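Input: a single structure, listed below in structure tokens.
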Amino acid sequence: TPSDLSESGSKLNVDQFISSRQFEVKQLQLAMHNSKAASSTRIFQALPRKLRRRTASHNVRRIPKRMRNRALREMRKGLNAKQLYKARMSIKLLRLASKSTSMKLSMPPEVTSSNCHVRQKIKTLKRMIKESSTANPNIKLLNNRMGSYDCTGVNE
Amino acid sequence: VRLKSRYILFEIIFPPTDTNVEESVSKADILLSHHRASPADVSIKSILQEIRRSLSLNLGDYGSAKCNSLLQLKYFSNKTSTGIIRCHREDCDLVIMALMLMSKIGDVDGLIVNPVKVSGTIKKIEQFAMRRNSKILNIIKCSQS
Amino acid sequence: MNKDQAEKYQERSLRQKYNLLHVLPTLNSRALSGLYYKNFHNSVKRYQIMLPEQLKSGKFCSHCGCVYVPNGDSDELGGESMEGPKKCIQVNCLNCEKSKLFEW
Amino acid sequence: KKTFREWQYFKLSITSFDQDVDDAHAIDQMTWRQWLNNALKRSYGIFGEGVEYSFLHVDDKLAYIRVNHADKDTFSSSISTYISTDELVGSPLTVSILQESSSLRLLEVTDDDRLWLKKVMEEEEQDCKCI
Amino acid sequence: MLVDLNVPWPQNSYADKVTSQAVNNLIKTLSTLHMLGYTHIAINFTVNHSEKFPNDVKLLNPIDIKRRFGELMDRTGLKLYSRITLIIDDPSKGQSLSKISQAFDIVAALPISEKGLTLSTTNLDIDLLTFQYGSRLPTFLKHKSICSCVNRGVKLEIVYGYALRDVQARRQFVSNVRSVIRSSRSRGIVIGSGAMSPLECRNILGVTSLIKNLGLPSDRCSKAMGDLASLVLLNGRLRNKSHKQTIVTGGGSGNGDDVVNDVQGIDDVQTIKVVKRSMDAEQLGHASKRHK
Amino acid sequence: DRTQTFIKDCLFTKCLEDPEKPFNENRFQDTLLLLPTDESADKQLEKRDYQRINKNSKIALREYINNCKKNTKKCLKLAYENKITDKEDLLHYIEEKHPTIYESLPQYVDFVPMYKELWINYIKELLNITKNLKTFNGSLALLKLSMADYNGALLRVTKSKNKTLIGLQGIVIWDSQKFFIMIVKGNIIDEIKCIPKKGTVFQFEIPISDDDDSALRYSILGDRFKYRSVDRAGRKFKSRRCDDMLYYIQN
RNA sequence: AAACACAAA
RNA sequence: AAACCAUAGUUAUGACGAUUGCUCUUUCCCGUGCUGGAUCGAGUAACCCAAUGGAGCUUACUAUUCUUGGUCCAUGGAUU
RNA sequence: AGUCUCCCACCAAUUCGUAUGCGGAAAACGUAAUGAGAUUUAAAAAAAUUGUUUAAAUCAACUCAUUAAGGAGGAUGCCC
Ligand SMILES: [Mg+2]
Ligand SMILES: [Mg+2]
Ligand SMILES: [Mg+2]
Ligand SMILES: [Zn+2]
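Chains as they are written, first to last, in the working numbering: chain A, -10 to 145; chain B, 24 to 168; chain C, 19 to 122; chain D, 59 to 189; chain E, 293 to 584; chain F, 274 to 524.
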């Protein structure tokens, strides 16, 4: 077994991993280089600094505190024009806190979307935006699926 | 931080001190008569002891004490008589003056010491030594005609 | 530091704080009264010892920190007055303009 | 910007303990010179031996030494280092630099030898100004 | 002001008994240092680590400043301090600093190994770090360690008085001084003279010339001998006399009653200072108005 | 692992130039970790009323200091206008001609007598000042003084970075964190004195006059008086630099 | 030396 | 088997000489003054040093061991 | 200098589809208005960094909690 299960997770030992697969490495080196396999010099050179990159962190991300507090306010909790944007931001924050891992890690324990009942809130607020009486065919009908229209100003 | 090193390249040249024999006047002839060979009784500890004695004899006590802190012979072979002496950037002048004031080996006489290249790294010293060795071959090939 | 010698130091420091809480100015000046009250309470909080409630309730004020004292050493009275119930019995002070109400 | 200093004076004085051996022997100018020549050769090689120095107003345990401005460091490092041994005294000698000056303005006693040296030094001063 | 903090005492182990000739030579060298000119002299006492410390308090200090230096100061006019250097190489279990530190004034160390150096730089409460300039250096001294040490306290000490012993020791002394000055960044340097006889002593000009020939500028030498010597005396004096820099047992009225300056007034068998009543409550607060 | 190490070395000699570099500097990890990276009511009442009392007493002390600051200036101005030198005439004149500004002025003859005695007795009992003086211990006394309270203490500024702050005596009315508050008296001076502690030296003398007339000479250092314990012990101390005490030796 | 690491200290 | 690339680029960034300017002090003149002018002198700092490039934050510096600007219910002296 | 963070392929989207005080591609990033707080607190005391390492009369400094972009009408205050 090249990998086993242990205290924390799974441990993979390089020793046996390359020990069992040795003749395969020899055949690979013979297929790459034929006459240079007998020689032992420097074939691979240093990576150029232009292609050289830097290493990031092992964590996912850190969410801003403003979005976190707004998501908390939304989760724990005729229409005016501002109440439309309020409900839209409420569904957006719900969806974000549902999908995002950083916000989930910043959320307080014992708080889940099932207990918060996100789906019913989404349905109700979508019914409200549907009641908001918008006019879709006044905006336009596009030609493709990705946003690409023509913005040309004639004599202006 | 960094320790400021300064290597010194020196050559042992033997002047053909023989007034009874007539000599050929040319470039490669005198280059060969001056770069003949080093004697067998030549090593690293025999040159280091000689230069340490000469340093104390010329400069004195404090002049040898300040200079002998990082005075080492890193690379030297008796086949080509090329040596690399490591020292500080402060005491480079002292080591150069001592190599100039080198009189003779305790058993071998009639020789001079020529400091050629001084640098603060061994890679440039090796590159200059290779360039000098390549230059030496040119006059030899030209004179062999 | 010996703990048997530290107990005596604790008692002496508590007595000194309680005496500084008193004499003339903490009765007169509300600033010194409140400051010394805060100091004494910060000193008694560090020693991990509770203080008796019979004194804790009716000892000091809640707005300034002067002792509730009505009219060997003549000093100034602490409180404006102390009425009957009148609807609920209250106590007023001199330094500040507030009163403290208690119900039977 | 700066004037070139010809040399620099040094106030030398012998410190020898053992009052008996001190009053017994009596140093002189040649003694001073031999002590300097031994100190320079003991502490330094030919570098210290080739230092220029002359003797002016030698006295009983007192002397003035002028050293070039370029060799003031070599002189002051060698003087405070060496200790005489079996030169002329039974008790070894130790010297301490009392003071130093670079403007000739120093007066211990009201003698006239400093005045004569000053006179010859300014007749050289105006002479190097003109020449 | 000039301070010399490494005057050696002719005794290394407690089994040794000091003869009268050594005390006479020490009196002579103190007079010699005083005549030409000096301000503060702190004599040194050296013991090793693996020895058995005596389980006493009134016998740890074979200096008795009040007995014979009490005979000498009234005619001399300077002060003396008792200091100890710890020769610690291997971290053995013998460790009784809680007595010798409070009994003495200044506590230094003399490391020979790397582990001893590390423990004396981290945990050991000392005042100066002295190296064996006679022998070879233990290792290649680091920069960050010495900088963090001189920022935390303890500074290095250079003794030019050892170069006057023999000829073969001068090269090693210079080689060690160069490395110490290069690794210490010329910040925490205190200079001393370890002379056993008055004949190996020099003037301040010889000292500054020697150190400027070594590599340290003369103005830095003057500053380190004027302010840094006073500061390293003050630290080692009030760390033992007073508490941990919170309450001082000495009250400076004018310009001479200082905890390091006033040495005969302040009691040593205890720490009290019995002075007559000079502070009342009826006197005017403003000193410009207060008149007697 | 030996033949395995030989294979790894013959593999590293192709990519790297020094094959025994990582094995010497320990960069070839033998293990690869694979794991995702991982009765309260009255108590609250008392806490709130204590917060309120502190917040009120702070403003009260501030405004008291400001009132004293303005009253001293105005009374000294009126005194210079009326040409009256000594205090026994000035205070009586103010009382007989200015009733209001007199209840805002402080009285040193009111502030000294009990304060001085109640602090002297407290310190005498704390430091165990007895008729005989052979039962002392300096270490424990200094520890107690570091732990002792200086609320209502007589201190004299004997040394300071400023040449004008020295020589001022006063009794404590409150112990702040940056400034030190005392009260001084002069010809007409009744100023509340606030003094910085960073770079000043204080001292307090305890009188002892049973048979002989002697007093203890103690002193504190304000610069290092900010990082001490309060009424308790067991606070890990740090060596700061012990370096900015140059004014102590200089003058 | 510098520069690197979910090391090591 | 190379991708090899820096208006410093891989333990390098040296050696002294000369000029102006900056801070104080001992001098003389017009107009008080004027980043007004000229002699007698002292000093040009410390943290500290690149190894692929850029931005943000924090932490070390400037006491005869160069400087500059402002603030202060900080104190000290004087007038109203 | 530092055992700090991030960019140095894209994705009409299981790809932080985040119109959330402003600027910014992002950032353990800069700053603005108000209220409060001190092991009795949301959290400092008995991830990095720093010898001292925020405050605890007032000021100054740190931390946290709110303020979505643009156009139109009315009221108040200033030159007028
Ligand atoms: Mg670096
Ligand atoms: Mg590093
Ligand atoms: Mg770096
Ligand atoms: Zn009240």
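C-beta: ideal position from N, C-alpha, C; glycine also.
Report the CB separation of residue i from residue j in whole angstroms; it is logged as a contact under 8 Å.
i, j, result
"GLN537 (chain E)", "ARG497 (chain F)", "4 Å"
"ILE155 (chain D)", "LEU94 (chain D)", "The pair is not a contact, with the Cβ atoms about 13 Å apart (cut-off 8 Å)."
"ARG154 (chain B)", "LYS27 (chain B)", "Not really, about 25 Å apart at Cβ, beyond 8 Å."
"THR368 (chain E)", "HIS326 (chain E)", "5 Å"
"residue 177 (chain A)", "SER95 (chain A)", "As displayed, chain A neither begins before -10 nor continues past 145, which places residue 177 (chain A) out of reach and without an answer."
"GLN18 (chain A)", "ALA26 (chain A)", "6 Å"
"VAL457 (chain F)", "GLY443 (chain F)", "5 Å"
"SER112 (chain D)", "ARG124 (chain D)", "6 Å"
Spatial neighbours of residue i within its chain, please: C-beta separation below 8 Å, excluding the five flanking residues on both sides.
i, result
"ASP549 (chain E)", "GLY542, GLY543, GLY557"
"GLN450 (chain F)", "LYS499"
"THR324 (chain E)", "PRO490, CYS493"
"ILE418 (chain E)", "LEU378, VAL399, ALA400, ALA401, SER412, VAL446"
Would you tell me roughly how many angstroms separate the C-alpha atoms of residue i and residue j, rounded to the nearest one?
i, j, result
"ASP129 (chain D)", "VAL109 (chain D)", "7 Å"
"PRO379 (chain F)", "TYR491 (chain F)", "29 Å"
"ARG457 (chain E)", "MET123 (chain B)", "33 Å"
"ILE357 (chain E)", "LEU351 (chain E)", "13 Å"
"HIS40 (chain C)", "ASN113 (chain C)", "15 Å"
"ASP93 (chain C)", "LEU42 (chain C)", "7 Å"
"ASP41 (chain B)", "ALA51 (chain B)", "19 Å"
"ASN340 (chain E)", "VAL62 (chain C)", "49 Å"
"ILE503 (chain E)", "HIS435 (chain E)", "21 Å"
"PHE75 (chain D)", "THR563 (chain E)", "41 Å"
"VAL48 (chain B)", "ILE108 (chain B)", "33 Å"
"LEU506 (chain E)", "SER134 (chain D)", "12 Å"
"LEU294 (chain E)", "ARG513 (chain F)", "26 Å"
"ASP485 (chain F)", "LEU415 (chain F)", "24 Å"
"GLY362 (chain E)", "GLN387 (chain E)", "32 Å"
"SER393 (chain E)", "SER91 (chain A)", "56 Å"
"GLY484 (chain E)", "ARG375 (chain E)", "13 Å"
"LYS436 (chain F)", "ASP516 (chain F)", "21 Å"
"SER330 (chain F)", "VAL49 (chain A)", "49 Å"
"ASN553 (chain E)", "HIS332 (chain E)", "9 Å"
"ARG30 (chain C)", "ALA506 (chain F)", "16 Å"
"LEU175 (chain D)", "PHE105 (chain D)", "29 Å"
Closer than 6 Å by C-beta to residue i: which residues in its own chain qualify, once you throw out the five before and the five after it? Chain order, please.
i, result
"residue 259 (chain E)", "The displayed coordinates of chain E run from 293 to 584. Any statement about residue 259 (chain E) would go beyond what the structure contains."
"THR139 (chain D)", "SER101"
"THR143 (chain D)", "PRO150"
Sorted by chain position, which residues of the same chain lie with C-beta nearer than 7 Å to residue i's C-beta, five sequence neighbours on each side aside?
i, result
"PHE477 (chain F)", "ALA426, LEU427, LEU428, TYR491"
"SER79 (chain B)", "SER87"
"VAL551 (chain E)", "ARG529, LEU530, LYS533, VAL540, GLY542"
"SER104 (chain B)", "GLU34, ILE35, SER61"
- Query: What runs of the beta strand (DSSP E), each 3 residues or longer, lie entirely inside the segment 285 to 325 of chain F?
  - Reply: With a minimum length of 3 residues, the continuous beta strand (DSSP E) runs that stay inside the segment 285 to 325 of chain F are 304 to 307.
- Would you list the residues whose beta-carbon is nearer than 6 Å to any heavy atom of ligand 4, in the order they occur in the chain? The filter returns C:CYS79, C:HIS81, C:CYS82, C:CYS111, C:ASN113, C:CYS114, C:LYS116, in chain order.
- Could I get the ranges of all uninterrupted beta strand (DSSP E) runs contained in the segment 130 to 162 of chain B, with 3 residues as the minimum, in chain order? Entirely contained in the segment 130 to 162 of chain B, the beta strand (DSSP E) runs reaching 3 residues are, in chain order, 135 to 142.
- Query: What are the uninterrupted segments assigned as beta strand (DSSP E) that are 3 or more residues long and contained completely in the segment 429 to 495 of chain E, given in chain order?
  - Reply: Along the length of the segment 429 to 495 of chain E, whole beta strand (DSSP E) runs at least 3 residues long occupy 447 to 451, 481 to 484, reported in chain order.
- Message: Give the list of continuous beta strand (DSSP E) stretches no shorter than 3 residues that lie fully inside the segment 330 to 381 of chain E.
- Response: Secondary structure remark: continuous beta strand (DSSP E) runs of at least 3 residues inside the segment 330 to 381 of chain E, in chain order: 332 to 340, 371 to 379.
- Task: Can you check the segment 2 to 35 of chain A for any alpha helix (DSSP H) of at least 4 residues that lies completely inside it and give the ranges in chain order?
- Result: Segments of the alpha helix (DSSP H) lying fully in the segment 2 to 35 of chain A: 3 to 9, 12 to 21.
- Item | Length at least 4, wholly inside the segment 39 to 76 of chain A: the alpha helix (DSSP H) runs in chain order | Those alpha helix (DSSP H) runs which fall completely within the segment 39 to 76 of chain A and span 4+ residues are 54 to 65.
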